[PDB]
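Accompanying notes for the structure given below.
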Amino acid sequence: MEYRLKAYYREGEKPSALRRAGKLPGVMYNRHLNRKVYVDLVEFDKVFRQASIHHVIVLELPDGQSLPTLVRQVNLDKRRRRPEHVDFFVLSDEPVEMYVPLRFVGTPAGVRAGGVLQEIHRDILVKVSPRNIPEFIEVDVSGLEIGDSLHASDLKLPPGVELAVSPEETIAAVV
Amino acid sequence: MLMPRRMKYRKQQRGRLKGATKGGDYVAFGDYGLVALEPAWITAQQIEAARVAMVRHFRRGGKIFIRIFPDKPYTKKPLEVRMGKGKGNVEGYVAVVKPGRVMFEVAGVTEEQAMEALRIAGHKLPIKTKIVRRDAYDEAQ
Amino acid sequence: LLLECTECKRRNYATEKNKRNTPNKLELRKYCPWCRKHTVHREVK
Amino acid sequence: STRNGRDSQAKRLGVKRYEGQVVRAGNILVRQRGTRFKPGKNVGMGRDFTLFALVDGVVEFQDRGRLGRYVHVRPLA
Amino acid sequence: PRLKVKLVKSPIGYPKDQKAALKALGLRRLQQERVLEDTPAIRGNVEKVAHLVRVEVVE
Amino acid sequence: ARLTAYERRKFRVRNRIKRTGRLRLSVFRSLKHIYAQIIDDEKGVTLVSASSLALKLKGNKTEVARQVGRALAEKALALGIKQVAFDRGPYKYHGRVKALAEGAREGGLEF
RNA sequence: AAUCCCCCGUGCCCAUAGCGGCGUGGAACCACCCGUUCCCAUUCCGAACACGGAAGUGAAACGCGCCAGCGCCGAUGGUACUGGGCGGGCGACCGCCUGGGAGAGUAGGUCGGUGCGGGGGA
RNA sequence: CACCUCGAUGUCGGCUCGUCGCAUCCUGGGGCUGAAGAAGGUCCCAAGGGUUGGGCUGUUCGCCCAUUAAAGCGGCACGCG
RNA sequence: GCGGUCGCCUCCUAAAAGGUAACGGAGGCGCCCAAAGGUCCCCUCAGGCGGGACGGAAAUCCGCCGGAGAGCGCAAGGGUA
RNA sequence: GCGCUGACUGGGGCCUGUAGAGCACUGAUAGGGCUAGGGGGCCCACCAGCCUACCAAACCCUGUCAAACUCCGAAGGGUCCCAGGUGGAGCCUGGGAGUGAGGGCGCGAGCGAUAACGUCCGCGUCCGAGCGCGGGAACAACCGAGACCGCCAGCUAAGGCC
Ligand SMILES: [Mg+2]
Ligand SMILES: [Mg+2]
Ligand SMILES: [Mg+2]
Ligand SMILES: [Mg+2]
Ligand SMILES: [Mg+2]
Ligand SMILES: [Mg+2]
Ligand SMILES: [Mg+2]
Ligand SMILES: [Mg+2]
Ligand SMILES: [Mg+2]
Ligand SMILES: [Mg+2]
Ligand SMILES: [Mg+2]
Ligand SMILES: [Mg+2]
Ligand SMILES: [Mg+2]
Ligand SMILES: [Mg+2]
Ligand SMILES: [Mg+2]
Ligand SMILES: [Mg+2]
Ligand SMILES: [Mg+2]
Ligand SMILES: [Mg+2]
Ligand SMILES: [Mg+2]
Ligand SMILES: [Mg+2]
Ligand SMILES: [Mg+2]
Ligand SMILES: [Mg+2]
Ligand SMILES: [Mg+2]
Ligand SMILES: [Mg+2]
Ligand SMILES: [Mg+2]
Ligand SMILES: [Mg+2]
Ligand SMILES: [Mg+2]
Ligand SMILES: [Mg+2]
Ligand SMILES: [Mg+2]
Ligand SMILES: [Mg+2]
Ligand SMILES: [Mg+2]
Ligand SMILES: [Mg+2]
Ligand SMILES: [Mg+2]
Ligand SMILES: [Mg+2]
Ligand SMILES: [Mg+2]
Ligand SMILES: [Mg+2]
Ligand SMILES: [Mg+2]
Ligand SMILES: [Mg+2]
Ligand SMILES: [Mg+2]
Ligand SMILES: [Mg+2]
Ligand SMILES: [Mg+2]
Ligand SMILES: [Mg+2]
Ligand SMILES: [Mg+2]
Ligand SMILES: [Mg+2]
Ligand SMILES: [Mg+2]
Ligand SMILES: [Mg+2]
Ligand SMILES: [Mg+2]
Ligand SMILES: [Mg+2]
Ligand SMILES: [Mg+2]
Ligand SMILES: [Mg+2]
Ligand SMILES: [Mg+2]
Ligand SMILES: [Mg+2]
Ligand SMILES: [Mg+2]
Ligand SMILES: [Mg+2]
Ligand SMILES: [Mg+2]
Ligand SMILES: [Mg+2]
Ligand SMILES: [Mg+2]
Ligand SMILES: [Mg+2]
Ligand SMILES: [Mg+2]
Ligand SMILES: [Mg+2]
Ligand SMILES: [Mg+2]
Ligand SMILES: [Mg+2]
Ligand SMILES: [Mg+2]
Ligand SMILES: [Mg+2]
Ligand SMILES: [Mg+2]
């Protein structure tokens with residue numbers, strides 16, 4: 001549930017050298033902040049496999065603090081498909097957009113034996129406060145029969161918050 | 001055989017193979033993918049030799065995505081060569097494929113099943129490949 | 001149809017272009033001569 | 001054989017004096033196809049859309065957004 | 001202060017404008033040192049040839 | 001509906017003026033009043049003003065107008081000003097505007 | 001006179017001033033509005049344009065505010081590319097140095113600013 | 001393609017004389033066989049030697065007759081006036 | 001040789017000034033208009049949606065939305081409410 | 001003859017639409033949804049008419065491509081100003097030419113087959129005319145380097161030191 005990694009600071013020191021050093025360059029920012037940071041690559045991978053902009057990484061870093069960062073971009077260099085830079089978005093309480101994973105819970109839920117599961121989105125974008133952060137979203141919907149398409153408000157909408165809308169869309173259907 | 005319907009110009013210049021880049025590249029549609037290690041013109045008749053290798057392995061099952069497309073016209077001079085008079089005579093089409101791009105990219109199949117199909121699929125290709133899975137790094141979007 | 005504009009007398013003037021059968025008429029329009037100033041200028045030949 | 005094979009002469013178009021060059025009345029300033037530099041202060045524009053100093057002066061360029069690009073001659077040469 | 005530029009590698013086979021440069025520093029031959037003022041223009045040429053030349057700062 | 005006939009014809013008649021590069025004598029006629037400024041463009045500056053508002057007069061606006069006409073010459077001619085270009089803006093040159101114009105003679109000339 | 005605020009002109013920046021939604025203004029200005037005798041008008045129509053007005057309304061228009069759904073603007077880091085200097089690969093092509101350095105995207109930003117002149121307030 | 005040779009590098013085929021290569025036609029040695037034996041198939045090793053006489057056509061080549069262990073394929077200015 | 005071609009305009013090639021080649025990729029001209037010309041005064045598109053007799057995917061009419069994708073005699077480009 | 005104006009360099013303005021990238025236009029284009037038209041399979045034959053595991057407008061999600069696409073757009077390049085720059089520099093007038101078969105290599109394209117010691121342009125270089133010297137076994141053009149003469153003197157370059 002709680003993902004801590006590390007961080008450090010940098011000013012000079014070409015990212016070519018850092019990257020050559022096993023250390024993944026990146027930046028740290030929010031409304032109130034911008035700062036150059038680097039992390040260990042191997043460290044970051046193990047976390048990011050798991051974390052993955054769905055979950056909060058609390059950083060740490062020296063002058064030890066703990067910053068509620070979301071990761072909002074990863075730049076991989078296309079040739080080797082390995083990340084060449086990350087930028088960490090630090091939370092503080094203002095409503096903020098993000099991607100919350102979806103959990104489809106149930107049986108085929110209608111037209112069983114057999115339908116089409118057909119998940120349109122693996123995630124969803126939701127305007128949410130830093131304080132209450134809905135680490136996943138329950139989707140049951142006993143049907144879901146032939147010709148039905150789930151939009152938005154047909155979704156759980158955890159007690160924390162509202163959507164990033166537009167409410168008219170599709171998540172699952174059976175054809 | 002893929003081929004654009006309704007082209008704007010038949011016969012376009014060759015142009016270079018530089019600079020492995022430009023989209024594709026992150027595995028947007030499926031559970032596993034074939035990524036280009038080297039640049040090439042890959043031929044429609046090559047793409048379909050890959051497509052069929054795989055649908056054959058799924059026994060018409062699975063889902064297959066392709067994701068490179070042959071829009072680049074390939075010309076040729078009849079045999080009978082002599083340089084001049086004109087340019088002449090489109091044979092096939094190619095898609096230009098530089099490194100790090102995902103072609104093909106299956107889904108809805110067991111891992112070792114797809115990984116065997118993609119490996120076959122790869123031998124039909126002129127360049128070297130890499131098989132991949134999918135990632136946090138392939139983000140969300 | 002190449003076009004040549006006389007005026008009244010002294011016959012020096014200036015020339016023109018008509019690519020059409022309109023006007024098929026006497027084809028006459030106001031212009032400046034090199035001696036007197038701005039007379040009627042009809043079309044001949 | 002090829003049914004291709006033409007092209008027309010180069011029209012040697014574009015800008016003939018740049019900003020802060022000293023011009024003279026009549027110097028042409030831009031050679032251009034449409035109206036893509038509109039005449040400014042002391043700049044005429046001929047039937048081929050061609051811009052020329054109205055006065056001796058020096059040339060300045062002005063980019064007025066939706067109003068376009070403008071060539072002026074700033075007098076007192 | 002000033003600059004000691006000494007020609008260490010032949011310009012033969014380098015572009016004409018680089019050849020023009022060494023003229024502007026009045027270097028006509030290999031190994032020839034020249035001591036000339038450090039100013040922005042004298043610097044441009046000295047940098048333009050920086051691969052043929054060897055420099056030090058000098059009073 | 002984007003950019004109405006009013007504001008086109010307005011630009012159309014203005015832009016021509018601003019070319020010849022004279023002083024501009026701009027005219028705003030409203031339902032009640034009629035006002036006139038004399039503007040220097042490239043200094044972006046008004047020089048001489050006149051109106052039925054500031055001269056607090058009424059009684060038959062075409063006649064009011066000619067009066068803010070003679071009123072502008074007077075004030076303006078006093079600064080050295082002669083030779084301007086007559087704006088007329090959205091207005092047909094007619095009526096109240098024709099009259100402020102044709103009373104704007106004795107100074108500020110050629111109209 | 002000045003400073004301020006509101007309105008009317010009229011410029012400049014040329015979307016951070018825009019669309020949409022809400023709210024608000026009629027004393028004064030402005031509009032709509034009252035008429036069509038008169039000037040002058042609409043390939044028919046005072047719709048418009050024009051004149052003479054002043055009963056009414058700020059409904060429309062406009063002016064002023066508020067909201068970031070849209071639109072528009074947009075870093076910092078990092079890449080691509082590259083002027084100059086060097087390497088590597090049969091090749092397609094790749095890499096290092098030194099200097100320059102995008103585009104998209106992320107953070108954000110914005111429901112304008114401002115000049116001259118009027119009219120009115122203080 | 002147009003690089004030496006147009007103040008000349010004679011051009012197909014045959015004949016004579018060969019020599020080399022091995023991607024081996026035969027002979028020798030092998031593995032596998034859907035190899036019972038005999039006889040094949042296929043692939044590996046191997047260039048020492050061998051590799052016929054006729055009909056037809058200028059022919060190379062090919063077809064055919066009769067044989068054979070076999071009737072190898074190439075190169076040498078399509079070897080050699 | 002045969003075939004094609006030969007002057008002019010537009011675009012690309014053309015490497016962000018200009019210029020730039022090939023029997024490189026594609027197209028056009030050898031006219032036209034007495035209004036399709038000068039000037040003054042007005043007017044603003046295409047398209048979509050709703051409405052409306054004969055009216056249909058589109059004849060004309062009305063509403064709203066539409067910043068230019070329409071038009072500019074003809075090819076393309078640039079330009080342009 | 002003029003005589004500081006030259007190549008190159010510093011700063012400053014202006015100009016441009018390529019590399020890159022983008023998809024707003026012109027086209028191409030993968031997967032999905034939603035939907036006109038439709039193949040139809042057909043319910044009727046009167047308007048009807050339900051379904052799409054085929055086409056496929058628009059439209060929305062996701063994902064790409066382009067010499068003759070561009071909402072964007074580097075490095076550079078060009079030009080003017082001011083400075084450095086005295087150079088087998090520059091400008092003006094004249095006399096004399098020769099040349100108008102180029103070649104290789106690098107880089108950028110076209111043609112070709114992402115062939116050619118191929119062909120055609122661009123910017124650079126060398127051979128040409130440096131088949132004089134050193135390196136690369138030998139070798140016009142690759143690396144080094146511009147040979148006025150002499151020396152049984154020294155230091156180096158490339159490349160080398162059994
Ligand atoms: Mg790629
Ligand atoms: Mg392969
Ligand atoms: Mg051209
Ligand atoms: Mg060299
Ligand atoms: Mg230069
Ligand atoms: Mg009132
Ligand atoms: Mg009231
Ligand atoms: Mg009447
Ligand atoms: Mg009418
Ligand atoms: Mg209102
Ligand atoms: Mg941006
Ligand atoms: Mg940056
Ligand atoms: Mg570089
Ligand atoms: Mg940016
Ligand atoms: Mg203002
Ligand atoms: Mg030859
Ligand atoms: Mg040749
Ligand atoms: Mg010969
Ligand atoms: Mg001889
Ligand atoms: Mg002889
Ligand atoms: Mg063998
Ligand atoms: Mg045996
Ligand atoms: Mg046996
Ligand atoms: Mg055997
Ligand atoms: Mg043997
Ligand atoms: Mg016989
Ligand atoms: Mg015979
Ligand atoms: Mg035969
Ligand atoms: Mg025989
Ligand atoms: Mg032999
Ligand atoms: Mg032969
Ligand atoms: Mg022979
Ligand atoms: Mg003989
Ligand atoms: Mg012929
Ligand atoms: Mg150019
Ligand atoms: Mg260029
Ligand atoms: Mg033709
Ligand atoms: Mg319409
Ligand atoms: Mg309709
Ligand atoms: Mg157009
Ligand atoms: Mg000097
Ligand atoms: Mg100079
Ligand atoms: Mg400079
Ligand atoms: Mg490109
Ligand atoms: Mg597009
Ligand atoms: Mg392009
Ligand atoms: Mg930008
Ligand atoms: Mg410059
Ligand atoms: Mg100077
Ligand atoms: Mg000389
Ligand atoms: Mg001479
Ligand atoms: Mg020649
Ligand atoms: Mg040359
Ligand atoms: Mg040449
Ligand atoms: Mg190289
Ligand atoms: Mg050659
Ligand atoms: Mg070559
Ligand atoms: Mg050359
Ligand atoms: Mg010679
Ligand atoms: Mg030599
Ligand atoms: Mg030389
Ligand atoms: Mg020799
Ligand atoms: Mg040697
Ligand atoms: Mg010498
Ligand atoms: Mg050494």
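Chain labels run A, B, ... following the order of the structure tokens; each chain numbers its residues from 1, and ligands are numbered from 1 in the order shown.
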
>> Residues of chain E within 6 Å of chain J, counting only C-alpha atoms (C1' of nucleotides), what are they? List them as a PyMOL selection string.
In response: chain E and resi 13+17+20-21+24+40-41+44-45

>> Around ligand 9, which protein and nucleic acid residues have at least one atom no more than 8 Å from it, if we count only C-alpha atoms (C1' of nucleotides) and all ligand atoms? List them as a VMD selection string.
In response: chain G and resid 41 to 45

>> Just want the residues within 10 Å of ligand 13, written as a PyMOL selection string, counting only C-alpha atoms (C1' of nucleotides) and all ligand atoms.
In response: (chain G and resi 81-85+97-100) or (chain J and resi 75)

> Residues at most 10 Å from residue 15 (chain A), counting only C-alpha atoms (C1' of nucleotides), excluding those fewer than 6 positions away in the same chain, as a ChimeraX atom specification?
Replying inline: /A:21,23-26,38,84-85 /G:78

>> Residues of chain J were defined as contacting chain A if any atom lay at most 12 Å from it, counting only C-alpha atoms (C1' of nucleotides); please report them as a PyMOL selection string.
In response: chain J and resi 31-34+51-53+60-62

Could the residues in this selection be written to a file with N, CA, C and O atoms (P, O5', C5', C4', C3', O3' and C1' of nucleotides), as a PDB file, in the first residue's frame?
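Ended up saving to part-v3.pdb:
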ATOM      1  P     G J  31      -8.249  -2.863 -37.650  1.00  0.00           P
ATOM      2  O5'   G J  31      -8.557  -2.779 -36.093  1.00  0.00           O
ATOM      3  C5'   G J  31      -7.881  -3.608 -35.155  1.00  0.00           C
ATOM      4  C4'   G J  31      -8.176  -3.180 -33.738  1.00  0.00           C
ATOM      5  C3'   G J  31      -9.627  -2.808 -33.420  1.00  0.00           C
ATOM      6  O3'   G J  31     -10.522  -3.890 -33.213  1.00  0.00           O
ATOM      7  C1'   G J  31      -8.242  -1.118 -32.632  1.00  0.00           C
ATOM      8  P     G J  32     -12.000  -3.811 -33.843  1.00  0.00           P
ATOM      9  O5'   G J  32     -12.867  -3.048 -32.737  1.00  0.00           O
ATOM     10  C5'   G J  32     -12.640  -3.305 -31.363  1.00  0.00           C
ATOM     11  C4'   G J  32     -13.060  -2.172 -30.451  1.00  0.00           C
ATOM     12  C3'   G J  32     -14.444  -1.592 -30.626  1.00  0.00           C
ATOM     13  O3'   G J  32     -15.477  -2.456 -30.191  1.00  0.00           O
ATOM     14  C1'   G J  32     -12.919   0.154 -30.203  1.00  0.00           C
ATOM     15  P     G J  33     -16.905  -2.407 -30.917  1.00  0.00           P
ATOM     16  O5'   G J  33     -17.558  -1.086 -30.320  1.00  0.00           O
ATOM     17  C5'   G J  33     -17.748  -0.968 -28.920  1.00  0.00           C
ATOM     18  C4'   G J  33     -18.108   0.436 -28.526  1.00  0.00           C
ATOM     19  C3'   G J  33     -19.382   0.991 -29.141  1.00  0.00           C
ATOM     20  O3'   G J  33     -20.563   0.556 -28.488  1.00  0.00           O
ATOM     21  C1'   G J  33     -17.648   2.574 -29.371  1.00  0.00           C
ATOM     22  P     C J  34     -21.861   0.151 -29.350  1.00  0.00           P
ATOM     23  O5'   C J  34     -22.397   1.558 -29.860  1.00  0.00           O
ATOM     24  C5'   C J  34     -22.656   2.587 -28.920  1.00  0.00           C
ATOM     25  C4'   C J  34     -22.753   3.937 -29.576  1.00  0.00           C
ATOM     26  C3'   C J  34     -23.687   4.047 -30.770  1.00  0.00           C
ATOM     27  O3'   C J  34     -25.059   4.093 -30.416  1.00  0.00           O
ATOM     28  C1'   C J  34     -21.657   5.117 -31.284  1.00  0.00           C
ATOM     29  P     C J  51     -32.932  -5.364 -32.369  1.00  0.00           P
ATOM     30  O5'   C J  51     -32.006  -4.886 -33.568  1.00  0.00           O
ATOM     31  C5'   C J  51     -30.599  -5.028 -33.484  1.00  0.00           C
ATOM     32  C4'   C J  51     -30.157  -6.418 -33.870  1.00  0.00           C
ATOM     33  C3'   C J  51     -28.750  -6.517 -34.441  1.00  0.00           C
ATOM     34  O3'   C J  51     -27.757  -6.604 -33.431  1.00  0.00           O
ATOM     35  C1'   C J  51     -30.260  -7.641 -35.873  1.00  0.00           C
ATOM     36  P     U J  52     -26.874  -5.317 -33.036  1.00  0.00           P
ATOM     37  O5'   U J  52     -26.188  -4.892 -34.408  1.00  0.00           O
ATOM     38  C5'   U J  52     -24.855  -5.288 -34.715  1.00  0.00           C
ATOM     39  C4'   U J  52     -24.801  -6.672 -35.318  1.00  0.00           C
ATOM     40  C3'   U J  52     -23.500  -7.015 -36.040  1.00  0.00           C
ATOM     41  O3'   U J  52     -23.218  -8.402 -35.873  1.00  0.00           O
ATOM     42  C1'   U J  52     -25.311  -7.140 -37.562  1.00  0.00           C
ATOM     43  P     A J  53     -22.663  -8.946 -34.468  1.00  0.00           P
ATOM     44  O5'   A J  53     -21.287  -9.659 -34.841  1.00  0.00           O
ATOM     45  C5'   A J  53     -20.123  -8.895 -35.140  1.00  0.00           C
ATOM     46  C4'   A J  53     -19.161  -9.652 -36.027  1.00  0.00           C
ATOM     47  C3'   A J  53     -19.787 -10.337 -37.241  1.00  0.00           C
ATOM     48  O3'   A J  53     -18.897 -10.239 -38.347  1.00  0.00           O
ATOM     49  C1'   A J  53     -18.656 -11.944 -35.919  1.00  0.00           C
ATOM     50  P     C J  60     -15.186  14.608 -32.895  1.00  0.00           P
ATOM     51  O5'   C J  60     -15.127  13.543 -31.715  1.00  0.00           O
ATOM     52  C5'   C J  60     -15.942  13.710 -30.575  1.00  0.00           C
ATOM     53  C4'   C J  60     -15.817  12.541 -29.641  1.00  0.00           C
ATOM     54  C3'   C J  60     -14.417  12.012 -29.408  1.00  0.00           C
ATOM     55  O3'   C J  60     -13.625  12.814 -28.553  1.00  0.00           O
ATOM     56  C1'   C J  60     -15.869  10.201 -29.765  1.00  0.00           C
ATOM     57  P     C J  61     -12.131  12.342 -28.206  1.00  0.00           P
ATOM     58  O5'   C J  61     -12.364  11.229 -27.090  1.00  0.00           O
ATOM     59  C5'   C J  61     -11.256  10.685 -26.408  1.00  0.00           C
ATOM     60  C4'   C J  61     -11.364   9.202 -26.137  1.00  0.00           C
ATOM     61  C3'   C J  61     -10.116   8.419 -26.472  1.00  0.00           C
ATOM     62  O3'   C J  61      -9.008   8.694 -25.648  1.00  0.00           O
ATOM     63  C1'   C J  61     -11.957   7.218 -27.247  1.00  0.00           C
ATOM     64  P     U J  62      -7.799   9.494 -26.343  1.00  0.00           P
ATOM     65  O5'   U J  62      -6.738   8.341 -26.569  1.00  0.00           O
ATOM     66  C5'   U J  62      -6.691   7.271 -25.647  1.00  0.00           C
ATOM     67  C4'   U J  62      -6.518   5.949 -26.340  1.00  0.00           C
ATOM     68  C3'   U J  62      -5.352   5.832 -27.285  1.00  0.00           C
ATOM     69  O3'   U J  62      -4.116   5.761 -26.632  1.00  0.00           O
ATOM     70  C1'   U J  62      -7.224   4.825 -28.252  1.00  0.00           C
TER      71        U J  62
END

>> Residues within 12 Å of residue 15 (chain J), please, as a ChimeraX atom specification. Count only C-alpha atoms (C1' of nucleotides); anything in the same chain fewer than 4 positions from it doesn't count.
In response: /D:14-19,29-30,37,60-61 /I:16-18 /J:77-80

Cut-off 8 Å, only C-alpha atoms (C1' of nucleotides) and all ligand atoms, neighbours of ligand 60 as a PDB file with N, CA, C and O atoms (P, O5', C5', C4', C3', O3' and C1' of nucleotides), in the first residue's frame:
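out.pdb, written as the output of this step:
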ATOM      1  P     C J 127      46.499  17.881 -53.272  1.00  0.00           P
ATOM      2  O5'   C J 127      46.060  16.906 -54.479  1.00  0.00           O
ATOM      3  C5'   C J 127      46.590  15.573 -54.574  1.00  0.00           C
ATOM      4  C4'   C J 127      46.106  14.794 -55.786  1.00  0.00           C
ATOM      5  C3'   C J 127      46.342  15.391 -57.185  1.00  0.00           C
ATOM      6  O3'   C J 127      47.618  15.074 -57.735  1.00  0.00           O
ATOM      7  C1'   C J 127      44.111  14.665 -56.989  1.00  0.00           C
ATOM      8  P     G J 130      52.540  19.111 -60.226  1.00  0.00           P
ATOM      9  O5'   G J 130      52.757  18.351 -58.854  1.00  0.00           O
ATOM     10  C5'   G J 130      51.689  17.659 -58.216  1.00  0.00           C
ATOM     11  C4'   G J 130      52.095  17.355 -56.811  1.00  0.00           C
ATOM     12  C3'   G J 130      51.353  16.248 -56.085  1.00  0.00           C
ATOM     13  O3'   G J 130      52.256  15.304 -55.522  1.00  0.00           O
ATOM     14  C1'   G J 130      51.378  18.282 -54.817  1.00  0.00           C
ATOM     15  P     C J 131      51.941  13.750 -55.764  1.00  0.00           P
ATOM     16  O5'   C J 131      51.686  13.800 -57.342  1.00  0.00           O
ATOM     17  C5'   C J 131      51.431  12.664 -58.147  1.00  0.00           C
ATOM     18  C4'   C J 131      52.636  11.781 -58.311  1.00  0.00           C
ATOM     19  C3'   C J 131      53.491  11.977 -59.550  1.00  0.00           C
ATOM     20  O3'   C J 131      54.810  11.433 -59.248  1.00  0.00           O
ATOM     21  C1'   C J 131      52.390   9.880 -59.677  1.00  0.00           C
ATOM     22  P     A J 140      50.207   6.421 -55.518  1.00  0.00           P
ATOM     23  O5'   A J 140      48.663   6.828 -55.356  1.00  0.00           O
ATOM     24  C5'   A J 140      47.840   7.177 -56.465  1.00  0.00           C
ATOM     25  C4'   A J 140      47.605   8.675 -56.547  1.00  0.00           C
ATOM     26  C3'   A J 140      46.446   9.260 -55.751  1.00  0.00           C
ATOM     27  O3'   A J 140      46.781   9.563 -54.410  1.00  0.00           O
ATOM     28  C1'   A J 140      46.348  10.029 -57.966  1.00  0.00           C
ATOM     29  P     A J 141      46.492   8.475 -53.265  1.00  0.00           P
ATOM     30  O5'   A J 141      45.419   9.177 -52.352  1.00  0.00           O
ATOM     31  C5'   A J 141      45.603  10.493 -51.933  1.00  0.00           C
ATOM     32  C4'   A J 141      44.535  11.377 -52.484  1.00  0.00           C
ATOM     33  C3'   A J 141      43.105  11.129 -52.081  1.00  0.00           C
ATOM     34  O3'   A J 141      42.851  11.564 -50.760  1.00  0.00           O
ATOM     35  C1'   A J 141      43.227  11.611 -54.368  1.00  0.00           C
TER      36        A J 141
END

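Where the distance criterion is 10 Å and the atoms used are only C-alpha atoms (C1' of nucleotides) and all ligand atoms, the residues close to ligand 12 are residues 75, 76, 77, 78, 79, 101 and 102 of chain G.
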
Got time to write the residues from that selection, N, CA and C atoms (P, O5', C5', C4', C3', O3' and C1' of nucleotides), as a PDB file, in the first residue's frame?
ATOM      1  P     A G  75       6.985  27.425 -23.034  1.00  0.00           P
ATOM      2  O5'   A G  75       7.677  26.101 -22.474  1.00  0.00           O
ATOM      3  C5'   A G  75       7.505  25.673 -21.144  1.00  0.00           C
ATOM      4  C4'   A G  75       7.960  26.705 -20.141  1.00  0.00           C
ATOM      5  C3'   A G  75       9.291  26.396 -19.454  1.00  0.00           C
ATOM      6  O3'   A G  75      10.380  27.045 -20.100  1.00  0.00           O
ATOM      7  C1'   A G  75       7.581  26.569 -17.834  1.00  0.00           C
ATOM      8  P     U G  76      11.910  26.711 -19.714  1.00  0.00           P
ATOM      9  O5'   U G  76      11.813  26.072 -18.283  1.00  0.00           O
ATOM     10  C5'   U G  76      12.240  26.756 -17.127  1.00  0.00           C
ATOM     11  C4'   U G  76      12.387  25.731 -16.049  1.00  0.00           C
ATOM     12  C3'   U G  76      13.313  24.603 -16.425  1.00  0.00           C
ATOM     13  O3'   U G  76      14.674  24.963 -16.344  1.00  0.00           O
ATOM     14  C1'   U G  76      11.373  23.715 -15.425  1.00  0.00           C
ATOM     15  P     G G  77      15.742  23.947 -16.951  1.00  0.00           P
ATOM     16  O5'   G G  77      15.615  22.713 -15.966  1.00  0.00           O
ATOM     17  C5'   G G  77      16.450  21.600 -16.070  1.00  0.00           C
ATOM     18  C4'   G G  77      15.698  20.375 -15.643  1.00  0.00           C
ATOM     19  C3'   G G  77      15.944  19.185 -16.521  1.00  0.00           C
ATOM     20  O3'   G G  77      17.184  18.587 -16.253  1.00  0.00           O
ATOM     21  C1'   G G  77      13.638  19.389 -16.150  1.00  0.00           C
ATOM     22  P     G G  78      18.272  18.722 -17.416  1.00  0.00           P
ATOM     23  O5'   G G  78      17.741  17.633 -18.441  1.00  0.00           O
ATOM     24  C5'   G G  78      17.495  16.332 -17.940  1.00  0.00           C
ATOM     25  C4'   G G  78      16.533  15.536 -18.779  1.00  0.00           C
ATOM     26  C3'   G G  78      16.924  15.289 -20.200  1.00  0.00           C
ATOM     27  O3'   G G  78      18.001  14.395 -20.314  1.00  0.00           O
ATOM     28  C1'   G G  78      14.626  15.748 -20.096  1.00  0.00           C
ATOM     29  P     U G  79      18.976  14.594 -21.564  1.00  0.00           P
ATOM     30  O5'   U G  79      18.484  13.401 -22.472  1.00  0.00           O
ATOM     31  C5'   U G  79      18.353  13.611 -23.851  1.00  0.00           C
ATOM     32  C4'   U G  79      17.068  13.078 -24.406  1.00  0.00           C
ATOM     33  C3'   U G  79      17.024  13.237 -25.904  1.00  0.00           C
ATOM     34  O3'   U G  79      17.726  12.206 -26.546  1.00  0.00           O
ATOM     35  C1'   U G  79      15.081  14.165 -25.002  1.00  0.00           C
ATOM     36  P     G G 101      20.303  28.011 -26.723  1.00  0.00           P
ATOM     37  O5'   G G 101      19.590  26.707 -27.330  1.00  0.00           O
ATOM     38  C5'   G G 101      18.493  26.827 -28.227  1.00  0.00           C
ATOM     39  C4'   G G 101      18.014  25.476 -28.687  1.00  0.00           C
ATOM     40  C3'   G G 101      17.087  24.748 -27.736  1.00  0.00           C
ATOM     41  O3'   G G 101      15.756  25.182 -27.855  1.00  0.00           O
ATOM     42  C1'   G G 101      18.742  23.256 -28.509  1.00  0.00           C
ATOM     43  P     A G 102      14.884  25.343 -26.529  1.00  0.00           P
ATOM     44  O5'   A G 102      13.868  24.104 -26.514  1.00  0.00           O
ATOM     45  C5'   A G 102      12.584  24.188 -27.117  1.00  0.00           C
ATOM     46  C4'   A G 102      12.641  23.867 -28.590  1.00  0.00           C
ATOM     47  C3'   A G 102      11.368  23.337 -29.204  1.00  0.00           C
ATOM     48  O3'   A G 102      10.512  24.416 -29.489  1.00  0.00           O
ATOM     49  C1'   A G 102      13.228  22.091 -30.009  1.00  0.00           C
TER      50        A G 102
END

> If we count only C-alpha atoms (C1' of nucleotides), what is near region 24-27 of chain D at a cut-off of 9 Å, once residues fewer than 6 positions away on the same chain are taken out, given as a PyMOL selection string?
Replying inline: chain D and resi 16-17+44+51-58+77

> ligand 52: which residues are within 10 Å, counting only C-alpha atoms (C1' of nucleotides) and all ligand atoms, as an MDAnalysis selection string?
Replying inline: chainID J and resid 100:102
